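We use all heavy atoms of the structure for the numbers below, so side chains are in, but hydrogens, waters and symmetry mates are not. All chains are named by letter (A, B, ...) in the order of the sequence lines, taking the proteins before the strands, and each is independently numbered beginning at 1. Remember, it's 1-based here, ligands and their atoms both numbered in the order they're listed.
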Amino acid sequence: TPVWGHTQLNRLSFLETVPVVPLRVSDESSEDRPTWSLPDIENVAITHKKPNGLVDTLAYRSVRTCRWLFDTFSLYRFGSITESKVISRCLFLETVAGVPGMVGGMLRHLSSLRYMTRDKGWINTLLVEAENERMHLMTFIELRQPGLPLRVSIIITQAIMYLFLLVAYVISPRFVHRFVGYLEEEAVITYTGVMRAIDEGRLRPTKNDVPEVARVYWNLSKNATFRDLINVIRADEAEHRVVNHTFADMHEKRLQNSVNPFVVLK
Amino acid sequence: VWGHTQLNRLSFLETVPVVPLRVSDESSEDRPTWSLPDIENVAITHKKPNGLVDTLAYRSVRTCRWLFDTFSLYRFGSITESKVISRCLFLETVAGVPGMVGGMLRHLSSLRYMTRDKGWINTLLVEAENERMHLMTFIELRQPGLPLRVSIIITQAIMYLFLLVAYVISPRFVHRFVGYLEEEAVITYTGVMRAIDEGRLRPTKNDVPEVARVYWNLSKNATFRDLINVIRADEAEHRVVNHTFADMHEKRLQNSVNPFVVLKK
Ligand SMILES: C/C(=C\Cc1c(O)c(Cl)c(C)c(C=O)c1O)CC/C=C(\C)[C@H](C)O
Ligand SMILES: C/C(=C\Cc1c(O)c(Cl)c(C)c(C=O)c1O)CC/C=C(\C)[C@H](C)O
Ligand SMILES: [Fe+3]
Ligand SMILES: [Fe+3]
Ligand SMILES: [Fe+3]
Ligand SMILES: [Fe+3]
Ligand SMILES: [O-]
Ligand SMILES: [O-]
């Protein structure tokens, strides 16, 4: 349908149309949207993949280290589950789930460029993850808008984590792929906790006006609840879990330069 | 069927030897959709340097072009097919960088600041996938030497770092520099198309590589000329897109909606 041709291709700029373009939410992201069936992802579950050698273990310990610090300094531990402390948590952490896929895709892109080789579907998987995790941030920022101290520490988190993920991927892309493997193993846990808590009425949700950003992106009918929004986010994490564990494995076997297995499901 | 059972499995390593190599998976599903007779009237344009930043973005490229042309010997003797492919192979390695760094920085910015990006990221990302497809195409028609393979490696480093700091310091300057580069690229890509029509250049690669035929939706009958003609249209989308984006920065509009995302929908 699109009216994008050579009369538009010879224009100097479209700076002038800018004031008259709607801000329809579906533009926030590409159309590689995930399609989940609520009754099917409902039975998503908690898995754990056994570390194989030193690097796998190094990876696994730092995630157990990070979970333990974060869970204790952020007081998630004692007190009853709350809406406030769930979304505040998911808000902060989602800012750092967006970085990995962008360092991998970006570096694998540069490699594809300098040795002039075919990537075989890897780049477009990691960048849709990154995107899909950024949409996880976008949704929670419709739910809780943070204040100055939480914002400043988000900025320093990215400084540090961008530097770590970047230099960790260059030296061991299996490490970073293992690391998100396990990262997501924890993200699956936390979320099924939130659903279990709703189901056992310990956290009866007040944010049921599910944001338009999330309705379009996950194609949810108006009558969707917070629990239905959470499950889909949790379903996305189970995928990344397998994707980064498959990716790490593939490296272990020296299949870096082989077809991205998840191309078939499309 | 992509459901819980597949999500609840640990690894899909056993599946690697059973999944086949398919040219359609080398990119995303966001492909250029051109019609040959329409895009035949793409044209060389030149934006006016609007101020000290543009003037610098323009004077950088012009000097890069002059230097590269006397150093590569483009102008020395006749146009040959090897001289064109050689050149565009080299240059299309560099071209994939800018959209990536741009795409990356803005991604990052929406995460720390927690703000809508409103369509820039994708456009800037498929823009880098597009140039890389030009590249994957040119690697089919020539497989460069060791001297050139080294020359290509080191040039990534200088260029990557340059754009990294460039985009952090001033994204306006980068998009302009990119806009300007893609003027020059259309000049080359029409010079080539013109050399064909005259018979100063007789291509022998009028068998267009598989990757390129499903990327651009071409026919098995399409030739070298036709391929240069779809690419040129890509280089003119990056020309407009990036000069617009840089006008948006000049006006403090870099957090409005990317206009092109309606110019599709
Ligand atoms: C807290 C951690 C795991 C649990 C976890 C996750 O790993 C992730 Cl990834 C998510 C999204 C959730 C969602 O609620 C989540 O609960 C370990 C990582 C800690 C850091 C990186 C610190 C902050 O630097
Ligand atoms: C010679 C240059 C531009 C002309 C040009 C283009 O800009 C582009 Cl983008 C293309 C595709 C073509 C077509 O082949 C092309 O001929 C600039 C060179 C820059 C460097 C050597 C380093 C990186 O700074
Ligand atoms: Fe995650
Ligand atoms: Fe997430
Ligand atoms: Fe190009
Ligand atoms: Fe280009
Ligand atoms: O996440
Ligand atoms: O290019």
**Request:** May I ask you to decide if the ring planes of A:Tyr182 and A:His48 are parallel, tilted or perpendicular, using 30° and 60° as cut-offs?
**Result:**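 If you compare the ring of A:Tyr182 with that of A:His48, the planes turn out tilted.
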**Asked** Hey, what's the ring geometry for A:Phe247 with A:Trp122, parallel, tilted or perpendicular (30° and 60° as the breaks)?
**Response**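 Aromatic pair A:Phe247/A:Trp122 classed parallel.
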**Prompt:** For the Fe ion (ligand 5), what is the closest N, O or S atom on B:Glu131?
**Reply:** OE1
**Prompt:** How open is the angle at the Fe ion (ligand 5) from atom ND1 of B:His134 over to atom OE1 of B:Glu92, rounded to 10 degrees?
**Reply:** 90°
**Message:** Given 3.5 Å as the limit, does a donor-acceptor pair link the side chain of A:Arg118 with the main chain of B:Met136, or not?
**Reply:** no
**Sub-4.5 Å side-chain heavy-atom contact between B:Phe138 and A:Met116** = no
**Asked** From B:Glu235, does some N, O or S atom reach closer than 2.8 Å to the Fe ion (ligand 5)?
**Response**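 Yes - counting backbone and side chain alike, B:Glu235 has an N, O or S atom under 2.8 Å.
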